[PDB]
2 protein chains.
Amino acid sequence: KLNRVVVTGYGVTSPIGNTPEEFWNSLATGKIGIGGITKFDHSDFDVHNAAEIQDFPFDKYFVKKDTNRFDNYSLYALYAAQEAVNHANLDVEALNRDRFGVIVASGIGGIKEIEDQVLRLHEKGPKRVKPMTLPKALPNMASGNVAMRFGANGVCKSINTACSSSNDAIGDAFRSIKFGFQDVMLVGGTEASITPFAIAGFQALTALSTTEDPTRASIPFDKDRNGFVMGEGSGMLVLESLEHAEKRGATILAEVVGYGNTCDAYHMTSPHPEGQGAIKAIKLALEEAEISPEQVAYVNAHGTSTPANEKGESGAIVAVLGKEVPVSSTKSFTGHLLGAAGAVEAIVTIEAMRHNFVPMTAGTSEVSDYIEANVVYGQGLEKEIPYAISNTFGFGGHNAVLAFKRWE
Amino acid sequence: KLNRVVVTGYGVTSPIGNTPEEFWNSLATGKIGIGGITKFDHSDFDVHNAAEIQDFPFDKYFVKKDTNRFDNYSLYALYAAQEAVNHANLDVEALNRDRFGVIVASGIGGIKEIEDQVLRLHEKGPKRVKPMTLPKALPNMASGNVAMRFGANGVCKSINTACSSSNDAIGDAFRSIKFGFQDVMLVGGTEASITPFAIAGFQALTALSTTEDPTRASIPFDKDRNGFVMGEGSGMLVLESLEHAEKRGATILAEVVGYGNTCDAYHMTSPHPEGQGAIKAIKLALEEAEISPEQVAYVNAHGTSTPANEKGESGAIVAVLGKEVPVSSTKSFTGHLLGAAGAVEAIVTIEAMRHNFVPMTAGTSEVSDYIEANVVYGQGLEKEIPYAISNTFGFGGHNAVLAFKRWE
Ligand SMILES: [Mg+2]
Ligand SMILES: [Mg+2]
């Protein structure tokens, strides 16, 4: 009747690494990816840092034409998805392609393309807008491109819950396999919104840190936090039914056991001040997984480094899980990957379970006095992690929590 | 263990009506919504028609200041949502708010806002980008605005499969209630992309009809079809478990019984020439509903009026359903509402089952010689409709099919 759901591989491009080995190395050792902005001229901006991918392995899978067929938002998903397929030793050729699906979340899609073609419209007129603008820009197209690359004829969609997009995507694929609609899913998220428009937009909202020191801008839970630092990239996971994974002899890396999604229905960008909605989302994940709060050995926080977010998030972790469970935010390393956050953080959490190590929150040196969660900083912590959760809480009130079980 | 899922109300703004009465009456008397473009200066464009909402009842629920928190894409969903709540006699106050959720699909989100704010960033610099830009423009925000309006603290998300976005949203809420995760869902789609940039974008793709005669531009299945006509607006439905509907004494309008979603994985900008993916999507809906091809009494087609689409779509309907079943595309009335298409077309289908009536395909006078489906045109058809389906097939390969059962 119900299926267990297993992770058999994943792939990633991020500001701290473009392979599994490099990614985990950064997390284990403490190599951050925040630095000065180089993708555009930022002299008139108040923000001067971001977590860029400054070594994208374009030549591994793409040729020169591909920089024009695809916006970066699609390029990152495609790279990560191929890496995930390779990592899983998945042979696309031997699958029932009708039971093989794709979900690629994105917050904003090909925003660089939109911005550039809008400007070109106003200055040269409509006969001059490029024919593939919308195929490259629309937020659903990455998922279609991934489906085309691997002949996935099953489910194909995108999901948008802003910062929660990837968490909900994985939860959705999770539910899809658990209830027998698919046997294999490539799922995750991608974002490439380090652009003048997207940065100006979050700057106008006051959500971005203006701190000049790149070692001090993304400091989740810290006393002196003053906004997030935008990152970019993609993470993609291969999920399978346990049955399907075991019937081809896959190496199983981990298991997805719980998913909870709620809505603050409070305010458009401001999170609930005591994390009321987050509280319910964590409980729903634990309930589906049928575990108790005490079994949660690690929490990968949303932890964006905003004054309001960590107040309520700490408050919510404490009310459900207590003040002993280790908590860290890797947005201190990767920046805030927006719609890709969840995907990359699911990988962080899976790697943490496999390597018996809670990565630290980088940069953070002193936590606010009202924050009661056991925020890990200064150095990560060695321990057994049988179960873990990863939080995301987007603009528009979207709360999403994933619960994972270590594979034994 | 499994719940039945029932429709208790619905709301709509569209180019043919802003109430279920006006909207239907349009379908019954052959009044189309296609006309000259008035929203912007289109003199340099090759396309001069669209299906605009030129009588939006803004004063019913809003005030002038609301244009500052909401782009039209949000405004249309919020109106349609309040109308659906009214139609269903739903007291938001008396619900278990944690089992009440919202899904609002959109293909492009608040593209007008993005376009305008991009231009202003270029003319005047980043100090001048408006604080509310992203909260108004990001495609997930409409779903969050609806959740805030009604205190929905359950599931909240947005889904993006381009032209199938609303079908997938309703399929999703359907599955959410069927499997016991929610008891009540407001679900549908919205779009407001009749803007210079979005129009220029589809024009450059070549997907838009350039026919001068508004009366002849959106002509699904017709031998002279030459592209679609963009529309705008929102359809929202209230879905409830049958059990929850009955306990409060609600009037049931219809029932959702089947959902199928596949992917062509063929080409980004054109459907499979033989509709192979559409074929499988229809079968999956019938299988979940546990009905036979003979029990389908009406097909509300995707039927965009694109040379490519109706070839494969007719092929697909014939190959699974035969040449007898009545088929019509209401995009001949409403235009192509993109991400809102499925929501509005679900309403069309539900209404057709309640009036015993298949609306015609307007404008269409002669079908292509190779098209074998029973395309209803010239006039509608009186008949019993115990079951129906509604198709959407979007750019990127996304196939989605909803199967509905008449209520008695
Ligand atoms: Mg997290
Ligand atoms: Mg339809």
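Criteria and cut-off values
Residues numbered from 1 in each chain as written, not as in the entry; some residues may be left out. Chains lettered and ligands numbered in written order. Heavy atoms only, no water. Donors = N, O, S within 2.8 Å, 3.2 Å for Na, K, Ca; no water. Helix = DSSP H or I, 4+ residues; strand = E, 2+ residues; numbered from the N terminus. Buried < 20%, exposed > 50% of the residue type's maximum accessible area, 1.4 Å probe, protein only. Axes fitted to C-alpha atoms, helices over the stretch in contact; angles between N-to-C directions. Parallel < 35°, antiparallel > 145°, perpendicular 65-115°, else oblique. Contact = heavy atoms within 4.5 Å. Nonpolar A, V, L, I, M, F, W, Y, C, P; charged D, E, K, R; others polar. Salt bridge = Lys/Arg side-chain N within 4 Å of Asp/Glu carboxyl O. Domains from an automatic or database assignment. Buried area = accessible area lost by both parts, 1.4 Å probe. Polar contact = N/O pair within 3.5 Å; in protein donor to acceptor, adjacent residues only side chain to side chain. Pairing = 2+ DSSP bridges. UniProt positions renumbered as here; feature names shortened; annotations may be inferred.

For this coordinate set, the PDB header names X-ray crystallography as the determination method and states a resolution of 2.09 Å.

**Student:** Is there a simple way to explain the coordination of the magnesium ion (ligand 1) in this structure?
**Tutor:** Put simply, the ideal angle at a metal is 109.5 degrees for four donors in tetrahedral geometry and 90 or 180 degrees for six donors in octahedral geometry. All names here are of chain A. The protein atoms donating to the magnesium ion (ligand 1) are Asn 300 (O), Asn 300 (OD1), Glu 345 (OE) and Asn 391 (O), with metal-donor distances spanning 2.4 to 2.7 Å. Mapped onto the polypeptide sequence, the residues donating to the magnesium ion (ligand 1) form the spacing pattern N-x44-E-x45-N. Residue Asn 300 is located in strand β9 (residues 298–300), and its partner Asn 391 is located in strand β14 (residues 387–394); the two are separated by 91 residues in the primary sequence. Note on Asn 300: relative accessible area 0%, which makes it buried. Taking the relative accessible area as the measure of exposure, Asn 391 reaches 0% and is therefore buried.

**Student:** Would you mind going over the packing of helix α7 (residues 165–178) of chain B against helix α13 (residues 341–355) of chain B with me for this structure?
**Tutor:** For any two helices packed against each other, the geometry comes down to the angle between their axes and how far apart the axes lie. Residues and elements named next belong to chain B. Across the interface, α7 lies against α13 with an axial gap of 5 Å and an inter-helix angle of 70 degrees. On the basis of their axis angle, the class for α7 and α13 is roughly perpendicular. Along the contact surface, α7 presents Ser 166, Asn 167 and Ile 170, while α13 presents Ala 341, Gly 342, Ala 343 and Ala 346. Of the residues belonging to the contact of α7 with α13, the class tally is four nonpolar, three polar and no charged.

**Student:** In this structure, what is going on with the pattern of salt bridges? I would like to understand it.
**Tutor:** Where charged atoms from two side chains of opposite charge come close, those side chains can pair. Under the counting rule described, the total for this entry stands at 41 salt bridges over all chains. Notably, a salt bridge pairs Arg 216 of chain B with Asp 222 of chain B, separated by 3.0 Å at the nearest N-O pair. One network of salt bridges, in which partners are shared, links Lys 157 and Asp 172 of chain A together with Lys 157 and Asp 172 of chain B.

**Student:** Teacher, can you tell me more about the domain arrangement of chain A here?
**Tutor:** Quoted interface sizes are often the accessible area lost when the parts come together. Residue and element names in this part refer to chain A. Its domain assignment divides chain A into domain 1 (5–258) and domain 2 (259–403). Spacing between the C-alpha centres of domain 1 and domain 2 amounts to 20 Å. Contacts between the two partners involve 70 residues from domain 1 and, on the opposite side, 70 residues from domain 2. Both faces considered, domain 1 and domain 2 share a buried interface measuring about 5200 Å² in area, 64% of it formed by carbon and sulfur atoms. Counting across the domain 1 and domain 2 interface gives three salt bridges. Summed over the shared surface of domain 1 and domain 2, the number is 34 residue pairs in polar contact. If you list the elements that add at least two residues to the side of domain 1 that touches domain 2, you get β1 (5–13), α1 (20–29), α7 (165–178), β6 (184–191), β7 (233–241) and β8 (254–263).

**Student:** Looking at this model, I keep getting lost on the interface of chain A and chain B. Mind explaining?
**Tutor:** Residue-level contacts link 71 residues of chain A with 74 residues of chain B. Across the interface of chain A and chain B, roughly 5800 Å² is buried in total on both sides, 70% from carbon and sulfur atoms. Ranking the residues of chain A by area buried against chain B places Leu 134, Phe 197 and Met 268 of chain A at the top, with a combined share of 12%. Notably, a salt bridge pairs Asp 172 of chain A with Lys 157 of chain B, separated by 2.6 Å at the nearest N-O pair. At the junction of chain A and chain B, the tally comes to 16 residue pairs in polar contact. Only α4 (111–124), α5 (133–137), α6 (141–150), β5 (156–160), α7, α8 (196–204), β8 and α10 (276–289) of chain A provide two or more residues apiece to the side of chain A that touches chain B. Each residue belonging to the side of chain A that touches chain B can be placed in one class, and the counts come to 37 nonpolar, 22 polar and 12 charged. Here β5 of chain A runs beside strand β5 (residues 156–160) of chain B; their pairing, made up of three bridges, is antiparallel. Opposite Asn 160 of chain A, over in β5 of chain B, you have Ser 158 of chain B as the bridge partner.

**Student:** Help me out: how do you make sense of the UniProt feature "binding site: Mg(2+) 1" (unreviewed entry) in chain A in this one?
**Tutor:** Residue and element names in this part refer to chain A. Look at the UniProt record and you will see "binding site: Mg(2+) 1" (unreviewed entry) annotated at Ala 217. The residue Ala 217 is located in the loop between α8 and β7 in this model. Not counting chain neighbours up to four residues away, the residues in contact with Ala 217 comprise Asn 49, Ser 209, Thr 211, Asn 226, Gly 227, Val 229 and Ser 305.

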